[PDB]
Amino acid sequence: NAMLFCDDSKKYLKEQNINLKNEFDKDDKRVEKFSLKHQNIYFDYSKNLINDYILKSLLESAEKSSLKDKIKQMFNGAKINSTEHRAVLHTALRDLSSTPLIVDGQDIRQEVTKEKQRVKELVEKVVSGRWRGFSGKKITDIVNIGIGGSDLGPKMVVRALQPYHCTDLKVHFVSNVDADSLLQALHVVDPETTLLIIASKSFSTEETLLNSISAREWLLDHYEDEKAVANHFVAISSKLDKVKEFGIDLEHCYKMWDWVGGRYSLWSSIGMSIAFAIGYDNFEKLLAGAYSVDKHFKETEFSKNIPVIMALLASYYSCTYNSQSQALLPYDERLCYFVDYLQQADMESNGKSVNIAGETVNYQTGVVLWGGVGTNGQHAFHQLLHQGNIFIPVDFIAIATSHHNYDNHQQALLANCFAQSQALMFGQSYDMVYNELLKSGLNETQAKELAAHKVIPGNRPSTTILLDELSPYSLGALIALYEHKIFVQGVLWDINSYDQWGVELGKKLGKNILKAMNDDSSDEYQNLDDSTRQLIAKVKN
C-alpha cells in the first residue's frame, strides 16, 4: 500500500513541454529558484526540464511518501534492510553529533569511536616505524586485498586525494581473481617491507581467499617462517572467528559490522588503506565532510534538500521519459574512479525487481549509471549526448580550484565544463548552422547539403555540482550526496536498496563449473547447458 511514485500524474508533467531557452529568457529568478548551496558546494539544477509546477508535483510525491519516516529510521538504526534484517548505519561511521545510539545491544557511538582509535594507532605505528616487518625493517608499502565494496571505495578515494598523500607509504589494491591484479602489486613490493590487508566483511569471498592465500605463499616463500605472518598481515572483517581460522590473531583484526554495506564501507575500518595514504587526520576530514551532508539531509525540508532533489529529478526522468541511463561527467582527473564507484553504489542498490513486500513491481527501478572524465569525454561519447536520439540526464562535477598553478589550464577546464552544459541546453538550429556555413565560404548548395548534419537539437537537461576544491572534506560531502540520492530513490520505488541477492548468488556460482572443468565424468559436467560445456572444452584445448 505504499505510495506509487511512477503514476499517471508523472507521465503527464512532461506535457508542460519545457523549453529551457524560453525559461531562462522569461524567468529572471530561474537560477535562484533551481539552485541550492551546502557550505562550499553549489548545486545548480536549473538546466533541468522543470518549472515550478513540475517541481511542486515531484516534491508533493516526496511529502506523501514514507521518506520523512524512512530518513529517521535509517539514522536511528531501524532494520530498514528488511530482507537481511539489518540496520543501515554507514551514517554512524562518520557521526559527529554524539547523540545516543544503541542498536542490537551495542553502543554504536562507542563502537565506532573505539575502532577508529585502533585504526589511527595502527597507521601511526606503521608510519612512525614502530611497526617493523619480521626482519626488522620499516614498512614502505601497503597492499589491500579485497573486492567490490572492500576495494573500490578505498581505491577511488586514494586516487582522488592524491595531492594529500603524506605518509611515505605506497598503497596498492589487489582485487580481481585474475592474477594480473596480485602480480601488479607483487612485482613492485618487497615481502620484508610490505603490510598486507585482507579486507573482507564476510571473510569468505572466493577472489579475496585465493588472493590472500597466494600473497601468504609469496610472503612465506621468502621468509620460510610462519611467524612472519604476524608482522605482515592485518584483517578487516565482521567475521572474526573466520579470521583466526586463517592465521591472523585478534589483535591484528579490525572490525566492521553487519550494518555497514560493502558499497557504503569506505567510511569504516575498510578505509584503513585511505588513512595509510593520506594520514588519519585527512581520513577524519573525509568523514567530517560526509557528516556535513548527513546533517543537511536529515534536517532540511525537502524543497531545499540536495539529495532529495537529485533523487526526484532522476526518478522523474526515468519514469516519464522512460530513460534507461544517466551520465556522470567529472571534470577532474582525480575523479577517474568516481563513476566506477557510483556505478556500484547506485546500480547494486537499486537494480531490484521486487518491492519490500516481495511483489514484482510494474515500473522501472534503477537505471544504468555511466560516464567519463571531462574534458576527454567531449572527444568521444559527448557526440551521442549532443546528436544521438537517446534521452540521458547528465550530471557535471566541476572543481573551482585545483592543486597547481597552471591557471590557464584550470580556466579552460571550467570553461569547457560550463560550455558543454550550455550547449546541451541550447543546441544549434538549422538556420544558425546554415548561416555560419555561408559565412565560412560555402555556397548555398554546399551549405544546404551539410547543414542538417550539423544541427544540434538542444533542450537537453543537465545538473552542475560545483565544489570549491577537491579536498578530503569536499570529497566526503560529494560521495554522501549520492549515497543519499540512492537512498531516496529506493524509498520512492518501495525497494530495498541495501540487499544484493544477485551479488550473493554470484559468490556461489560456478563451484559447479569448476567441478565440471576438473572432471568431465561428473554430474556437474553432464548437467551443463552445451554453451557452457563447449566453452569449457575450448579452454582445455
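Residue indices: 1-based, along the sequence shown.
Engineer: Got a sec? Mean C-alpha B-factor, which is higher, 340-348 or 123-131?
Structural biologist: Per the PDB record, 123-131.
Engineer: Could you settle it for me: does 151-159 or 318-326 have the higher average Cα B factor in the PDB entry?
Structural biologist: Per the deposited B-factors, the answer is 318-326.
Engineer: Per the entry, which of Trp218, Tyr434, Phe173, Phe396 tops the list for Cα B factor?
Structural biologist: That would be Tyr434, according to the entry.
Engineer: Quick one: which of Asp258, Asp332, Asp241, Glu111 has the biggest Cα B-factor according to the entry?
Structural biologist: Top of the list by C-alpha B-factor: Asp241.
Engineer: Please say which third, lowest, middle or highest, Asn496 falls into when its CA temperature factor is compared across its chain.
Structural biologist: Middle third - that is where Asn496 ends up once the chain's C-alpha B-factors are sorted.
Engineer: Name the third of the chain's ranked CA B-factors that contains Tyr164, choosing lowest, middle or highest.
Structural biologist: It belongs to the lowest third of the chain when residues are ordered by C-alpha B-factor.
Engineer: Please place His409 in the lowest, middle or highest third of its chain according to the CA B-factor in the PDB entry.
Structural biologist: According to the entry, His409 has a C-alpha B-factor in the chain's lowest third.
Engineer: Split into thirds by Cα B-factor across the chain's modelled residues, where does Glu483 land: lowest, middle or highest?
Structural biologist: Bottom third by C-alpha B-factor.
Engineer: Quick one: classify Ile513 as lowest, middle or highest third of the chain based on its Cα B-factor.
Structural biologist: Top third by C-alpha B-factor.
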